[PDB]
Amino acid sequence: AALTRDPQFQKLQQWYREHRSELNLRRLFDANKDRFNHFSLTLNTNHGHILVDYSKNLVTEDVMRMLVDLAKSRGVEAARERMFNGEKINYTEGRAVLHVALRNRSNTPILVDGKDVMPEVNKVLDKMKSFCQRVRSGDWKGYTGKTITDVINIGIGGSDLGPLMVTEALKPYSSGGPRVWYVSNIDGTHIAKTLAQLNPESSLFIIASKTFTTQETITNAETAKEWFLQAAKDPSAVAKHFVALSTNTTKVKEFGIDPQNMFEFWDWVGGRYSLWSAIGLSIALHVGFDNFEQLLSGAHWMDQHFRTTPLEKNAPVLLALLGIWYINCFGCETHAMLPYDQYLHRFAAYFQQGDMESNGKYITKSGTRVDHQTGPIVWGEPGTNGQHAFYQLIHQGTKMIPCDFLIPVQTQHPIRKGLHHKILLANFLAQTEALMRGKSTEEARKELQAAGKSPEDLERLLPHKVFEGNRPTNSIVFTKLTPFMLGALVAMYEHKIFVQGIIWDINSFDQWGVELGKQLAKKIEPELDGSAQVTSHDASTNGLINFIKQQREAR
């Protein structure tokens, strides 16, 4: 693997072996008063500031330096330029990677196979703009002359999670917009529980599918259609309640949706990167089109930052580099994303797919197997809730778990003269502080004594109340969570993923494990039909199938 062969990587690894023991946050902070100044970055977007404070990390000036040196040596700069220029850097599918073109508000020409993709990106935006206005204003009428009150996205994965995370996070901006629902799972529960609350006369279904062949989506889609036709009984009415977000025109047509109702996208738009395309129609419908444009601008701003900023102060790069430090040196398997914002309750889950699906790889550009770790397991829940649950382990377990703590300075709901937000912020600041400094035997002993504990009550209890601390975290604090800022934060991590991907020399933009999952279920499916016992697999798959069948009958 390229990484391990890297001189800078080896230099980085030997230092780790030599100094890990000298990396103590308490000591690093008291020995350098400019530690926050030197290990923090500030982005003024003109639509809010973002503070990327990575000072509570197990790093010194020499590591960062080495980390940066490793970024150059691995060719992060040129690889980045390849993506922005539309070269086919998704070498296994032979595709370009241009989610950055979807939000290219500047409209500088971006070529794919010699042809500027921009005129078509904008043609689809206009189209989404025009449709959104009509639907939101009431001009667009359902089959009985009623306005749309409900918009239902049917799609799974990249055609689901993004639009879901964003509408959820931008909820406050949905005044005057129809309600949005996300049906993704093939589990009948998802479609049925949603349909039960809908009136066909005012519901609009959106079939979000790049290939338009994904089993789950097309099955949900057919069920939605049949439920709709049972009411409308007129196939011409479908053009009034069904639209498609796909790249496959023939498929859309064959399904029964009229080409005019197709909002198209391109093969260079990876699903886990598709919210900026037509796939984000649900968002535009919910919060309005201007807000959609604001979302893409924020990402556009972040793109410009990723693209022209020197590595030493490049937000996505530094975050990627700290992750490498913890992954390839400290050995941490996971990476937590803890947004202290109830509107971002799906943020971590969105990047669980974005990160893990992007960088959960073991094959390099040269086809050789990595002999190092790659993408981490990303998870998290919003603060403060997590403080009452899994933080126990982050504080007192046997795993190191790098954490990203995120939060808006301004809340959408400054109720009680800002009481709730102050408490939220205070909890936000103190966990990274505490995770950092912990609480020693003596500190715990002192307080126990003060509490009037007896020499023997104190002695048994004490060690259990001891915190070792030294647990690294990032604090990302932004002005306010508006459509613009949201777009920038998401695009920040997208690029974090990309830097780490290059450094590992893997393909961040294919997903053969997902591609395979989309073919795996074919044998089993028809074998579940009938009552015969199955015997054509391993004993486990056969044993499970036979239990399923035995249990089909029980009442």
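Start at 1 with the first residue shown and count on from there. What we label the rigid core is the largest C-alpha set whose atoms superpose within 1.5 Å from one form to the other.
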Greatest C-alpha divergence in 7 other deposited structures of this protein once each structure is fitted on the rigid core, 241-249 or 373-381 = 241-249
query = With the rigid core as the fit anchor, does 254-262 or 422-430 show bigger C-alpha shifts in 7 other deposited structures of this protein?
reply = 254-262
request  = Using the B-factors recorded in the PDB entry, average over the C-alpha atoms of 348-356 and of 123-131, then report which stretch comes out higher.
outcome  = 123-131
ask   = Which has higher Cα B-factors on average according to the PDB entry: 521-529 or 499-507?
value = 521-529
query = Per the coordinate record, which of the options 472, 280, 176, 376 holds the highest CA temperature factor?
reply = 176
remark   = Highest CA B factor of 434, 329, 401, 451, as deposited, is found at 451
ask   = Which third of the chain holds residue 335 when residues are ordered by C-alpha B factor: lowest, middle or highest?
value = lowest
message = How does the C-alpha B factor of residue 232 compare with the rest of the chain: lowest, middle or highest third?
response = highest
Entry-reported Cα temperature factor of residue 289, expressed as the chain third it lands in = highest
ask   = residue 493's Cα B-factor: lowest, middle or highest third of the chain?
value = lowest
request  = Could you tell me which third, lowest, middle or highest, the C-alpha B-factor of residue 203 occupies within its chain?
outcome  = middle
